[PDB]
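The structure under discussion appears below in the form of structure tokens.
Just so it is clear, none of the values below were taken in a lab; they were calculated from the coordinates. Reconstructed Cβ throughout: ideal geometry from the backbone, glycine too, with neighbour counts over all protein chains shown.
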Amino acid sequence: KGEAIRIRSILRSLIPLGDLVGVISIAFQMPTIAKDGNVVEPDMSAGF
Amino acid sequence: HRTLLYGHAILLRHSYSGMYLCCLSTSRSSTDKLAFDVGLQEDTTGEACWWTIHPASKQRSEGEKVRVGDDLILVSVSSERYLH
């Protein structure tokens, strides 16, 4: 379908594959156990 | 001898070179990113060489004749982009 090919080309040109690969490669912040035997947890709503 | 009507797809041929206006796949990449370049190519195959006329202002409508003094906007068939 010409329309489908056109839309796919538009999206491919808009978003490069390398940008997606890099964003996926971006790492997270693991929860960490600390002294007193309790975990400190990064906030869901304030981070990646 | 078709007469041009707002809505047709036209074939603009260069008088000197004999080649046809088209939206080239390659782009100069001067931060346009989502845009192409307009040039000339020999082959009429494909929808790159074809351009659709659209009215400029509200007075002109789709399906009426093209006048000499009227303004128009050309849309590439392949790249759905305007001459800019």
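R0 = 35 Å: FRET efficiency of B:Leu12 with A:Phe48, Cβ-based, nearest 0.05? Intermediate results must be reported in sequence, preceding the final value.
On the way: r = 50 Å, r/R0 = 1.43.
The pair B:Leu12/A:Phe48 has a calculated efficiency of 0.10.
Which one, A:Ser25, A:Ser9, A:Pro42, is farthest towards the positive end of the dipole of chain A when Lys and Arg carry +1 and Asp and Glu -1 on their Cβ?
A:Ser9
Got a sec to turn the phi values of the range A:5-14 into Karplus ³J(HN,Hα) couplings, 6.51 cos²θ - 1.76 cosθ + 1.60 with θ = phi - 60°, whole Hz, x for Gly and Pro?
Rounded to whole hertz, the list is 4, 4, 5, 4, 5, 4, 5, 4, 5, 5.
If you check each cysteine of the protein assembly as shown for another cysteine whose beta-carbon is under 4.7 Å away, which ones come up empty?
B:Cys23, each lacking another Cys Cβ under 4.7 Å.
At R0 = 22 Å, how high is the FRET efficiency between A:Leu17 and A:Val39 if r is their beta carbon distance? Nearest 0.05 is fine.
Working from the Cβ atoms, E equals 0.05.
Please give me, ordered by residue number, the trypsin sites (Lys or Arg not before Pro) of the range B:1-69 that lie in loop per DSSP and have at most 12 other Cβ atoms within 10 Å.
Numbers: sites: B:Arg2, B:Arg13, B:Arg28, B:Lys33, B:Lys58, B:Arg60, B:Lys65, B:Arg67; in loops: B:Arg2, B:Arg28, B:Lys33, B:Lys58, B:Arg60, B:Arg67.
Those satisfying the criteria are B:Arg2, B:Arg28, B:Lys33, B:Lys58, B:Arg67.
Take A:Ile5, project a point 7 Å from its Cα along the Cβ direction, then tell me which residues of the range B:48-69 have their backbone nitrogen under 13 Å from it.
B:48-49
Can you tell which of B:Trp50, B:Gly63, B:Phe36 lies farthest toward the positive end of the dipole of the range B:8-66, using +1 and -1 charges on the Cβ of basic and acidic side chains (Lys, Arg; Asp, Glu)?
Value: B:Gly63.
Using DSSP to define loop residues, name the trypsin sites (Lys or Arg not before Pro) in the range A:1-35 whose beta-carbon has at most 13 other beta-carbon atoms within 10 Å.
A:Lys1
For the protein assembly as shown, how big is Rg over Rh, using alpha carbon atoms and the Kirkwood form of Rh?
Values: Rg = 25.0 Å, Rh = 19.2 Å.
Looking at the protein assembly as shown, the ratio lands at 1.30.
Any chance you could get the radius of gyration and Dmax over the Cα atoms of the range B:9-75, in Å?
14.2, 37
How long are the semi-axes of the equivalent ellipsoid of chain A, taking √(5λ) for every eigenvalue λ of the Cα gyration tensor, in whole Å from largest down?
Numbers: eigenvalues 356, 21, 10 Å².
In descending order the semi-axes read 42, 10, 7 Å.
Relative to the Cα centre, what is the charge dipole magnitude of chain B, using +1 at the beta carbon of each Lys and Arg, -1 at the beta carbon of each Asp and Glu, and rounding to the nearest 20 debye?
Working: 9 positive and 10 negative charges, 45 e Å.
Charge dipole, chain B, about its Cα centre: 220 debye, nearest 20.
Could you give the size of the charge dipole of chain A about its Cα centre, using +1 on the Cβ of each K and R and -1 on the Cβ of each D and E, expressed in debye and rounded to the nearest 20? Could the numbers behind the result be given before it?
On the way: 5 positive and 5 negative charges, 96 e Å.
It comes to approximately 460 debye.
Any idea what the dipole of the protein assembly as shown comes to, in debye rounded to 20, about its Cα centre with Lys/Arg Cβ at +1 and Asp/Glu Cβ at -1?
Numbers: 14 positive and 15 negative charges, 94 e Å.
Magnitude of the dipole: close to 460 debye.
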